[PDB]
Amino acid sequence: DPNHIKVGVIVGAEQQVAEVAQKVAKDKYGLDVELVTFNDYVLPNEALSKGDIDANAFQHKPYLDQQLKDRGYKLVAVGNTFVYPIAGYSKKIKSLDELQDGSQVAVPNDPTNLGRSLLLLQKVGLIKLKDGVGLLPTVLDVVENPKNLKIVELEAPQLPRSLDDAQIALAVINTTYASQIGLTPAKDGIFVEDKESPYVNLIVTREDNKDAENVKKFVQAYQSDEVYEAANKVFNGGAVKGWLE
């Protein structure tokens, strides 16, 4: 079907935003966009690589690059979407003043979002990392940890439910999944990453279909004021436009 494109997205608020892009694509081009929904960060790139979908819209470039290295995919970015500054959340404390020694702190376990989380924990002064780590520090790079915090690495989609675990005092959670239980950085975050970061999300395709006319249309539909306005609402200001104005 030459007027049909399948795009992989994550359930929750990101799916809602993608639905607006779907609408713009229909209204502006009469393009038939099908959203294929996922609730993890691994299967969407598998689906794309295998040709089960044409594009996906869920990852930032460090993540993409790591996926190319680790899985050997031939994928490429065809457009920016939003930066989603990541936040630390808790259902046990309201401030770092209350963080007890020995507390478990949950973070994503994939290399780039793990690194990102550790950099955030360093930024707010809870830990110090070795020099030269760049974007990919690991827990082995922690050189100061005065509260003797225990970093608990979890699959990203598990981070929202981790908040209810009896020992998890703090969790760094992608807004993707935080939004599934109605949390946003501005409303619920104890601390939040700077808007300026390398983590703008992407629309990604295979090398072989990066220039497909339907891909170009979808990118233009997503990169629209209508989509921004929707994102800014549902993410309560936690979505920064990543494309050229």
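Residue numbers here begin at 1 and follow the sequence given.
- Averaged over their C-alpha atoms, the temperature factors of 93-101 and 114-122 are higher for 93-101.
- Higher mean CA B-factor, judged across 82-90 and 130-138 from the recorded values: 130-138.
- For the set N174, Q167, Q158, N109, the PDB entry puts the maximum C-alpha B factor at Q167.
- Annotation for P198: C-alpha temperature factor in the lowest third relative to the rest of the modelled chain, per the entry.
- Residue-level temperature factors show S179 in the middle third of its chain, judged at the C-alpha atom.
- Residue-level temperature factors show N148 in the highest third of its chain, judged at the C-alpha atom.
- Compared with the other modelled residues of the chain, the Cα B-factor recorded for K50 ranks in the highest third.
- In the deposited entry, the Cα temperature factor of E207 sits in the middle third of values across the chain's modelled residues.
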